[PDB]
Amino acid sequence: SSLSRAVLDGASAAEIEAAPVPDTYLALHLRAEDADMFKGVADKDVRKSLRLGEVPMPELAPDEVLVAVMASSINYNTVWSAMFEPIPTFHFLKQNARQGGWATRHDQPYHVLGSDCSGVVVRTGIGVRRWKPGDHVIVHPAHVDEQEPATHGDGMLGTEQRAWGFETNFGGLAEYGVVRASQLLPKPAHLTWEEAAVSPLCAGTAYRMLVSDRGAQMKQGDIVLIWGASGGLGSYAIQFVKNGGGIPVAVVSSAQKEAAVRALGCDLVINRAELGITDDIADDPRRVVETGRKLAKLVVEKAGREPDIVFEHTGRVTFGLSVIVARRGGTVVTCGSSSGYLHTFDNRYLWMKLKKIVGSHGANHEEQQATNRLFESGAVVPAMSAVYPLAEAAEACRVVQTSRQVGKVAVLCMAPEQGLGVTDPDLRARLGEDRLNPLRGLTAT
């Protein structure tokens, strides 16, 4: 379109504003009628549910910004949505729309997925401040209600807090995304679109979990055991732990995943097999205890002490272990349950050793700015390992679904090719393209 062309041409703020908004846009999406298609299905192949096609351009709310999405990423929630698990997102869209007003737009027979992105502002609602068409932005997933009192204590805490592209429509896996202005941050200038896009959700989430005073709040010298360490969350977890003067201990399930975490500077790596952790471990209290003890011993061996923080998200199969291995007074911080949300743990290890389990979710706008600042300095780098064109986003999603990736799989959206969007090439040169892409071309194959 004239708008996409203007965006892609690096046209001026005024020219971008002057290019009309298309009536439809290309979006990776789910269809409400398919929400039952995986009933009984063992391998709920996201490529079967994901559609790519034109969806209606919605009306922009006054506090919203239309972003020409240059790139986005696959997040696990993209996978979960495409799997209609644990609940089809359409149920969330309907709950969202039940607020009425502007919220109603979310309830659509399609759901445009994508929960972070980088791109270019093309329109702002009349209540949007500062942002101008042409502005290079990243969008983080915290779609929150700033009228809620809770939001002003913690952006993540409001009852209306939602994840963009998951509990909201108009996500980032599309040529355009509709975001609340409080989802917007300036794109790190030295990064490409795809590099910038891969971070907000996972890095912000890891940031809240580990760095922010809203999570485990690591300090230098903390040993952080990081489960599923080579993945999206883990790839950032590692960096925050290292950057904060912590000692990460990566738990990975393969040599390739080990390679990935080492590329991120995590030299202390535990392979799940050297502990014979298998999925049925969670049903076996004694084995959990025995393996937790062994795991603790290993962490002690590698890092010098039991972990201060255990970075959880792998869920039920590891959670028992996590509770056990954390040092007395330690914190298990969890933001997920990939292996199952029904967690079982021995409470004696929690109360008797005064441990904490901190439930964490996404990151508020402040945490996301903090995260962004760490990218802006090059302290933290994108965990991008692969890039797919939007045309192949279902496959990108599948890759994540099948755990064939390390780090983050980026999806070019409107960006016609890789390597665009660097507006501070000197800084990029100073940090180094390689330093910025530790995971380039690595897989979990």
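One rule holds for the numbers: they count along the sequence shown, beginning at 1.
The PDB entry records a higher mean C-alpha B factor for 289-297 than for its counterpart among 171-179 and 289-297.
Per the PDB record, of the two stretches 115-123 and 276-284, 276-284 carries the greater mean B-factor over its C-alpha atoms. Among 254, 235, 75, 369, the highest C-alpha B-factor recorded in the PDB entry belongs to 254. In this structure the maximum Cα B-factor among 365, 302, 356, 136 is found at 302. Per-chain ranking of the deposited C-alpha B factor places residue 190 in the middle third. Sort the modelled residues of the chain by CA B factor and residue 28 lands in the middle third. In the PDB entry, a CA B factor belonging to the middle third of its chain's modelled residues is recorded for residue 307.
In this PDB entry, residue 213 carries a Cα temperature factor that places it within the lowest third of its chain's modelled residues. Among the modelled residues of its chain, residue 35 has a C-alpha B-factor that falls in the highest third according to the deposited record.
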